[PDB]
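Here is what each chain is made of, one letter per residue.
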Amino acid sequence: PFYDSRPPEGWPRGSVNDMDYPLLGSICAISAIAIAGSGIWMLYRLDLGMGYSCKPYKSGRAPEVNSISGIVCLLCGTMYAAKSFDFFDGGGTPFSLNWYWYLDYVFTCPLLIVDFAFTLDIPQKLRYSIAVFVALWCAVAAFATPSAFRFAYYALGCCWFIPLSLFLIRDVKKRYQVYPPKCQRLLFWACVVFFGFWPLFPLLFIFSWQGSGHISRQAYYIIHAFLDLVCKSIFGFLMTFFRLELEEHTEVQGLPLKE
Amino acid sequence: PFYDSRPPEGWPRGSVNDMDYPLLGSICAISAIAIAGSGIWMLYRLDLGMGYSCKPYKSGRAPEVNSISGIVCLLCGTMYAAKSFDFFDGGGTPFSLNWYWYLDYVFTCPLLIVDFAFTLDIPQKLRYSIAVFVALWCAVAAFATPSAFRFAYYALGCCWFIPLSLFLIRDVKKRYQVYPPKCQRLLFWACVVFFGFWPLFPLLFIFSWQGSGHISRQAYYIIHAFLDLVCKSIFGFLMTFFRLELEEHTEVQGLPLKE
Amino acid sequence: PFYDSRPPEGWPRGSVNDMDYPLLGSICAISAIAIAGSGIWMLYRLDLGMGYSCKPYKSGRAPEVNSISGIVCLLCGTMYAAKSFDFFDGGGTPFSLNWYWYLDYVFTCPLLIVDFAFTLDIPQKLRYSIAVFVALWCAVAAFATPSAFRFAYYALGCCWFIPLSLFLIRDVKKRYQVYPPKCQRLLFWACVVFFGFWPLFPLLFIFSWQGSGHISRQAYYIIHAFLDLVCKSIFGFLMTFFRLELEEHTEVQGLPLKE
Ligand SMILES: *C/C=C(C)/C=C/C=C(C)/C=C/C1=C(C)CCCC1(C)C
Ligand SMILES: *C/C=C(C)/C=C/C=C(C)/C=C/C1=C(C)CCCC1(C)C
Ligand SMILES: *C/C=C(C)/C=C/C=C(C)/C=C/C1=C(C)CCCC1(C)C
Ligand SMILES: CCCCCCCCCCCCCCCC(=O)O
Ligand SMILES: CCCCCCCCCCCCCCCC(=O)O
Ligand SMILES: CCCCCCCCCCCCCCCC(=O)O
């Protein structure tokens, strides 16, 4: 933290920072390995060529944007390693990626939507990416604010998040009929992640310590490990296989989209 | 702030933070709505097509860079909402966009000059955008520094700001003769904003509490609301209409620039 | 700093912040001028045309990416000016670019590798630039962390830094045979800077106050001034002359690469 520190005696018992630090560090360490591990495979696989047939790129190089899926996993995995270091040191360490909720998401979530946009040829990538960015800053503010104005930041966040989700549904509906069936099946599941799991984050806030107070900070850390596995890693596998299926169809078999 | 906080008793009377917080929150709330409102219209209008005749894009998509004007207004408006939240909570709230002068401009001002550069086909966009960025960081430092070194940061800021303003005048003089008369008229007014209102910010510093001490913090907050309306929103309307007039000429009427 | 401040009495004698502040400010001021000075020349020279013969660009504009070398020097020089201001004010000033080791490198080092990548036509520029970025954040954490976990952040940093150095060697080996001999000679020396001086930073950590404790903070500030002169300014001159020699060969003499 910028200001706070763990007392040398340790956090007081029952305080909000009296959590199970070895348990949380363990979960973060395992999450670090799985997510980074998945990112490595994604980048490895991209360099093998186009589609399942692994047809050589004409450039001899894979396209830069295709790396985004794998990179985001490498980034998120690295951040989970840092988070484990903080937890195994007992929390509140100077360089804590655990302390400011959602602060770490300000970098990765705009990359996710950009990746989705390039993969699907959704228009107005600049508009979507900045929208996610601003939304995440609203979440940071909502967790950082102790007063009733935390609800004001929530609503400000929803003014970006809900419009952008509805626009994206609209866009995705337009693209979906373009693609062959095996791509349609992977795009369905990518949609379940985006339109199904992204709304859970604002839903959880309502039961958090900033809302009804039904979910503790410890539980929240565990729940986000799992949500990060789905929204970064599984999501990444879906984008990767979506592209392999597309390339198999268009590049390796030379068939046209139903555009 | 990172360190400071409002006492629970409130700020001491006559302290520098003893301002009229309901007045400032009111002005920020209204500024939030006007500026974001203008951004929404800008994006709406862009999607209607090219020029006044609203001729369909060949891509079926407007160009990404054209969104910059509208996005900057959405961003600035959102930041004014946050600023109102801070003021209505009584100032010094943890997540304050009011506390560090010019910190919020570090994102938006480079976007403004990029927008201007793309709209006018000014060369070396990377050089201009980083120049503005660095200049704004010098302003942040100048307001953050209590000693006589605040003048050192001012001068460092002027080493970027004055060179870049003189280069931009030179560039603008080169483009101005290229364009048809209705574009020339809107470009004149865009220049009045850039070369006329941007210098006011460093001019105001000299009379601020970091200079002669003639202008208070409360007054400064009000003055910047107005300057933000001109430099983001009006500026945004000028870029938008400039493009509509250009496209009417080149795209809808198929006439050539005097290049 | 976010939290700490110099006592008004001054730092206590023998404390870690009891350094020779006029000496450090002097060295930073001189470094500011040389590095920024070199950046100015680089940008000036770029605008003169292609190669030694200064053949006009067909666009009438030099390519944006070519500005990166010069810009990085302007940026690094500006940061050295700020660093001098902090040192001449006696250290620990609110806006200190001296306080958080490596924090200032988080912006400039990714620009260096991008510049190198574009200059040499190395593939996967996104992968290299983010790799450097993440590595530098690991260094920031390693210096910021007082516990034995500083070694954990070091190792995390090495998981990015060593892979990316080995990949880059591999890539550079592929390009080297493409280019004419005078380019080969400048590329050799660019490699001595990258593969020879970049490893020194992690090597120095081991003898720093975060390792064996053989090198003081004062010495570290001086050593980095020199390393910054080599890794930004000299490196910048090498990229510039490499391009002039390439353009003389391909553009002004119209000979083909051995691709
Ligand atoms: C990889 C992690 C992801 C996709 C995280 C996403 C987070 C959100 C969609 C957060 C949204 C919001 C809150 C948690 C509270 C404030 C209001 C929202 C909607 C911006
Ligand atoms: C939308 C807001 C804008 C365009 C703000 C611009 C701000 C500046 C041009 C500031 C300049 C400087 C100071 C206020 C003081 C330090 C020196 C300058 C020239 C960098
Ligand atoms: C212009 C300055 C440059 C090129 C600085 C580079 C810095 C590094 C290569 C730093 C590396 C690391 C440490 C200093 C400690 C943590 C581990 C590393 C390898 C990330
Ligand atoms: C007072 C502040 C109001 C906040 C303004 C909210 C604006 C956010 C909505 C825009 C998101 C849309 C993203 C893509 C749209 C598209 O591509 O069609
Ligand atoms: C000691 C530090 C000195 C600071 C160096 C100041 C350099 C800034 C001037 C460059 C801005 C020019 C922007 C565009 C120029 C162009 O496109 O021709
Ligand atoms: C638990 C965290 C593990 C950290 C993961 C380390 C991954 C970094 C290695 C990738 C760097 C490679 C850069 C370019 C590679 C290429 O272009 O071929």
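Residues numbered from 1 in each chain as written, not as in the entry; some residues may be left out. Chains lettered and ligands numbered in written order. Heavy atoms only, no water.

- For this entry, the PDB record names cryo-EM as the structure determination method and reports a resolution of 2.53 Å.

### Quick word on the site of ligand 3
Residues and elements named next belong to chain C.
- Neighbouring ligand 3 are 14 residues; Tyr105, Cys109, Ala135, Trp198 and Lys232 lie closest to it.
- Coverage of ligand 3 by the protein chains reaches 100% of its 530 Å² of free accessible surface.
- When residues of the shell around ligand 3 are traced back to their parent elements, those giving at least two are α3 (105-120), α4 (125-144), α5 (149-175), α7 (200-205) and α8 (217-252).
- Taken together, the residues that form the shell around ligand 3 break down as 11 nonpolar, 1 polar and 2 charged. (Near = heavy atom within 4 Å. Areas by Shrake-Rupley, 256 points an atom, 1.4 Å probe, with all protein chains shown as cover. Helix = DSSP H or I, 4+ residues; strand = E, 2+ residues; numbered from the N terminus. Nonpolar A, V, L, I, M, F, W, Y, C, P; charged D, E, K, R; others polar.)

### Examining the interface of chain B and chain C
- The interface is formed by 23 residues belonging to chain B together with 22 residues belonging to chain C.
- For the pair chain B and chain C, the summed buried area comes to about 2,100 Å², and 66% of that belongs to carbon and sulfur atoms.
- Among the residues chain B hides against chain C, the three largest losses belong to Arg127, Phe149 and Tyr153 of chain B. Together they make up 27% of the total.
- A salt bridge links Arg127 of chain B to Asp47 of chain C; the shortest N-O distance between them is 2.8 Å.
- Joining chain B to chain C, the criterion identifies 9 residue pairs in polar contact.
- Sorting the residues of the side of chain B that touches chain C by element identifies α4 (125-144) and α5 (149-175) of chain B as the ones contributing at least two each.
- The greatest single-element share of the side of chain B that touches chain C, amounting to 9 residues, is contributed by α4 of chain B. (Contact = heavy atoms within 4.5 Å. Buried area = accessible area lost by both parts, 1.4 Å probe. Salt bridge = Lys/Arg side-chain N within 4 Å of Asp/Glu carboxyl O. Polar contact = N/O pair within 3.5 Å; in protein donor to acceptor, adjacent residues only side chain to side chain.)

### Focus on the relation of the copies chain A and chain B
- Expressed as a screw operation, the relation of chain A to chain B combines 0.0 Å of axial shift with a rotation of 120°, fitting to an RMSD of 0.0 Å. Both chain copies can therefore be described as sitting about a three-fold axis.
- Taken as a fraction of all interface residues of chain A, those also at the interface in chain B reach only 9%, which identifies the copy contact as different-surface. (Least-squares fit on C-alpha atoms.)

### Here's the deal with the packing of helix α2 (residues 68-88) of chain B against helix α8 (residues 217-252) of chain B
Residues and elements named next belong to chain B.
- Axis separation between α2 and α8 bottoms out at 9 Å; the angle between their running directions is 160°. Comparing their axes, α8 and α2 come out roughly antiparallel. Regarding α2 and α8, the two cross each other, and that crossing is left-handed. Judged by residue contacts, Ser69, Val72, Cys73, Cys76, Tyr80 and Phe87 of α2 engage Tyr221, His224, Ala225, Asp228, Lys232, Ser233, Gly236, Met239 and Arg243 from α8.
- Residues belonging to the contact of α2 with α8 are distributed by class as follows: 8 nonpolar, 4 polar and 3 charged. (Axes fitted to C-alpha atoms, helices over the stretch in contact; angles between N-to-C directions. Parallel < 35°, antiparallel > 145°, perpendicular 65-115°, else oblique. Left-handed = near helix turned anticlockwise from the far one by under 90°.)

### A short note on the packing of aromatic side chains
Residues and elements named next belong to chain C.
- Within this structure, the stated rule accounts for 102 aromatic pairs over all chains.
- For the pair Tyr105 and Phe201, a centre-to-centre distance of 6.1 Å together with 75° between the ring planes defines the contact as edge-to-face. Of this pair, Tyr105 sits in helix α3 while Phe201 sits in helix α7, and the two are 96 residues apart along the sequence.
- On the basis of relative accessible area, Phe201 is assigned to the buried category, the value being 12%. (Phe/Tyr/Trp six-rings, centres within 6.5 Å; stacked < 30°, edge-to-face > 60°. Buried < 20%, exposed > 50% of the residue type's maximum accessible area, 1.4 Å probe, protein only.)

### Brief notes about the relation of the copies chain B and chain C
- At an RMSD of 0.0 Å, chain B and chain C line up after a rotation of 120° and a shift of 0.0 Å along the axis.
- Little of the interface of chain B is mirrored in chain C, where only 9% of its interface residues again form contacts.

### With respect to the pattern of salt bridges
Residue and element names in this part refer to chain B.
- What the rule picks out here adds up to 27 salt bridges over all chains.
- The salt bridge involving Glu259 is made with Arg175; its shortest N-O contact spans 3.2 Å. With a gap of 84 residues between them, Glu259 in the segment after α8 and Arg175 in helix α5 connect regions that are remote in the sequence.
- According to the relative accessible area criterion, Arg175 is buried, its value standing at 7%.

### What about the side chain of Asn17 of chain C?
- Among the structural elements, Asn17 of chain C can be located in the segment before α1 (21-46).
- Excluding anything up to four places from it in sequence, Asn17 of chain C contacts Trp11 and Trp99 of chain C.

### Looking at the site of ligand 1
Residues and elements named next belong to chain A.
- Around ligand 1 lies a shell of 14 residues, among which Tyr105, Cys109, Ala135, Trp198 and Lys232 are the nearest.
- Its free accessible area being 530 Å², ligand 1 has 100% of it covered by the protein chains.
- Counting residues per element, the ones that place at least two in the shell around ligand 1 are α3 (105-120), α4 (125-144), α5 (149-175), α7 (200-205) and α8 (217-252).
- Among the residues making up the shell around ligand 1, the classes are represented as 11 nonpolar, 1 polar and 2 charged.

### Concerning the interface of chain A and chain B
- Between chain A and chain B, the contact holds 23 residues from the first and 22 residues from the second.
- Taken together, both faces of the contact between chain A and chain B bury some 2,100 Å²; the carbon and sulfur share is 66%.
- Applying the counting rule to chain A against chain B returns 2 salt bridges.
- Counting across the chain A and chain B interface gives 9 residue pairs in polar contact.
- Of all the elements in the fold, those that place two or more residues in the side of chain A that touches chain B are α4 and α5 of chain A.
- Per-element tally for the side of chain A that touches chain B: the top contributor is α4 of chain A, with 9 residues.
- For the side of chain A that touches chain B, the residue count by class is 17 nonpolar, 3 polar and 3 charged.

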